[PDB]
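No Cβ is skipped: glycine too gets one built from the backbone with ideal geometry, and neighbour counts run over all protein chains shown. Nothing in this text is a laboratory measurement; each read-out follows from the coordinates by a stated rule.
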């Protein structure tokens, strides 16, 4: 469950942006191959910077955060 504008890594060895922390732009709830759309700053062999990945192919790699309670 990532958020619109979070930082998760890509687990798609086939994707040019594998092992990279892309940012989530939005999710498409309807029925496609990758509900979550991930943006990228780098490009691939062709020249793109916006692909689609599934929430299962994204890990949350955020830094430490303070939570409620002690």
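Remarks
- In region 51-70, the residues that are touching a residue at least 12 places away in the same chain (Cβ under 8 Å) form Cβ pairs under 8 Å with partners that are exposed (fewer than 10 other Cβ atoms within 10 Å of the Cβ), at six or more places apart or across chains, as follows: 52/33; 54/33; 55/1.
- Residue in region 9-27 that is more than 9 Å from the chain's Cα centre (by Cα) and in a strand (DSSP E or B) present: yes
- Residue count for region 43-66, restricted to those that are assigned to a loop (DSSP other than H, G, I, E, B) and either under 12 Å from residue 15 (Cα atoms) or in contact with a helix residue (DSSP H, G or I) (Cβ under 9 Å, 6 or more places away or on another chain) (or both): 5
- Of note, residue 38 does not satisfy the criterion of being touching a residue at least 40 places away in the same chain (Cβ under 8 Å) and either part of a loop (DSSP other than H, G, I, E, B) or surrounded by 10 or more Cβ atoms within 10 Å (Cβ to Cβ) (or both).
- Condition met for residue 30 (outside any loop (DSSP other than H, G, I, E, B), surrounded by fewer than 12 Cβ atoms within 10 Å (Cβ to Cβ) and either without any contact (Cβ under 8 Å) to a residue 24 or more places away in the chain or in contact with a helix residue (DSSP H, G or I) (Cβ under 8 Å, 6 or more places away or on another chain) (or both)): no
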